[PDB]
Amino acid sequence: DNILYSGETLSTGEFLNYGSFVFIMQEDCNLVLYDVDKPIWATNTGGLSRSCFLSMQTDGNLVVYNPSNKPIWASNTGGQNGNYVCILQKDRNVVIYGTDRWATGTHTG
């Protein structure tokens, strides 16, 4: 999927994808955006831990946590509690949007 909803996480090795774009939460704790085999953007935190996870929070903050639950990296966009989405777009941009402004209200459970 190319969307990471608030309240969800990407475990080590999991990623967002779109066309030839891959945004993966690597094993070495480096969160990289690849265009095929070319690294376009990264948090540059590789080697700072092992088996990190990416968290899209309900406060709007995108945080990379180590297994001890320590913030290795963050987008620093925390604040208003609500519904946010982190999207790996078709234009290669990875953007955080929120909060929800309108909804049909047809969600399931």
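Residue numbers here begin at 1 and follow the sequence given.
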Of 56 to 64 and 78 to 86, the stretch with the higher mean C-alpha B-factor in the deposited entry is 78 to 86
Selected stretch [higher average CA B-factor]: 21 to 29 or 87 to 95: 21 to 29
Chain-relative CA temperature factor third for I72: highest
Based on the deposited C-alpha B factors for this chain, I'd like to know if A42 is in the lowest, middle or highest third. lowest
